[PDB]
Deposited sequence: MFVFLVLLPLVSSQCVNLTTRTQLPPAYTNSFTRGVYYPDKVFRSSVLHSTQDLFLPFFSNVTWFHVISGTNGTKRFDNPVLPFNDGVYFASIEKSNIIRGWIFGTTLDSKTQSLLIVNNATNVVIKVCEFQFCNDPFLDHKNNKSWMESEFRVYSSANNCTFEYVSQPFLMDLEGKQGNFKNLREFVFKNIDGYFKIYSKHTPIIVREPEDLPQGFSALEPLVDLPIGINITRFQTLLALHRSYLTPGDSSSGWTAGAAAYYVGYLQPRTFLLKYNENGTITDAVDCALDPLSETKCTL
């Protein structure tokens, strides 16, 4: 297996905690957030078969980032990833998205065709959702949370000179979907589409994990978050948080 690489998180990962309107205030919130200036892991897909799709822990929430030039990247979430338990499948088809919750039997290499080669059997289906697709080079960022019997997705998409490090700037992730599923999640995996040879590509992504922390957020007159500070980052920010 290829060695892992790390990159600085910078000021990324801030999302809207709740659904309440706040304008021209400063609010202190204790919630699950990505700590500032943390190290995140970086996954490559480089061409005795290649194993570039590991199975990773979910913990208490996941921050996912992709900088793909073309669309190679859906997801699988679950506990056992077999037929003994239920799993969540998200697939981004060319025209529509499909979200399903069933008992699946997933293959050893769940790849896609540029289609249903992800599972051999799917029984006991208890959820099904179809909607618009989630969609130069662009940076697409997602935050996945699983709390009180609800799966919450937050998304952001920003058009991009140097791609070596994640950009230094502030942007807030906006709510996308709140699925009312009731399953337990401890593992997750990513799906890659392989074009048939007459297969790899520039598929790189970043994964990070959230922690319980207290943040101070600034709201503007229109309800948009403009600045945020981490209380436990440094002694200088402690004075600002204490007030």
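Judged by missing C-alpha atoms, the gaps in the deposited chain sequence fall at residues 1-22, 70-73, 100, 142-150, 172-180, 206-207, 246-255, listed in sequence order.
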